[PDB]
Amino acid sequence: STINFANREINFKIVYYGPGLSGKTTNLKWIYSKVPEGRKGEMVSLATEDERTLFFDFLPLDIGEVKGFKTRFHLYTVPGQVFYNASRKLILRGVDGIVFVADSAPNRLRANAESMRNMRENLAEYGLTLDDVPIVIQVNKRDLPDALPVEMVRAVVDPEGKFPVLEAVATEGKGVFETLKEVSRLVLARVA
């Protein structure tokens, strides 16, 4: 949401949210691997025993100058199993858009629903509803042999089909850029 006169940049924050081990890191790292060195900052991981945050910023090469001003995307996620809520609540501060990385595993179906309820709860602390922020659903791990039907996964996190849904196999980069383009489209629309 930030404007930075000094370096001539507007800054958008994109949060990858979802149950633990759904593929959030993997999305971030695939993306970070295809950005040229000169257009990205460092990928940074801050951790305690119980908590983690991982983030980087980059200048997408797909985006026009809004009157001399470049666009910088900052991608944030709370990777790993989650022990406390505090890093997931904080991750959402000043969020512009969110990718929800759902796990296609039968035994993570409940974890999907749980993380979505939690995102909704954390958003509510900032006075925001699920209608107030662009949210895209990525159904990741479509390669698993017992991958649930996409419609089933979608049904527990988005029963009225309010959000765009994309399939992914983040370990192979599949769906990864298309998911980032989708949230990008919605965030940049709101801007202009």
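What we label the rigid core is the largest C-alpha set whose atoms superpose within 1.5 Å from one form to the other. Position 1 is the first residue in the sequence shown; the rest follow in order.
RMS Cα deviation from the shown model in 4 other deposited structures of this protein, rigid core fit, is larger for 35-43 than for the other stretch of the pair 35-43 / 133-141.
When the other structures are laid on the shown form by the core, the C-alphas of 151-159 and 48-56 differ in how far they drift in 4 other deposited structures of this protein; the larger average drift belongs to 48-56.
Compared with other deposited structures of the same protein, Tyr126 does not meet the criterion of being unmodelled in at least one third, since all of those that resolve residues on both sides include it.
Per the records, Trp30 is modelled in every other compared entry, just as the shown structure includes it, so no third of them leave it out.
Look at the mean CA B-factor for 74-82 and for 93-101 in the entry; the higher one is 74-82. For the two regions 18-26 and 169-177, the entry's Cα B-factors average higher over 169-177. By the numbers in the PDB entry, the CA B factor is greatest at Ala147 among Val139, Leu123, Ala147, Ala47. In the deposited coordinates, the residue among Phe55, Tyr32, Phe69, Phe163 with the greatest CA B-factor is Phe69.
When all modelled residues of the chain are sorted by CA temperature factor, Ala155 is found within the highest third. When the CA B factors of the chain's modelled residues are split into thirds, the value for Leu61 lands in the highest one.
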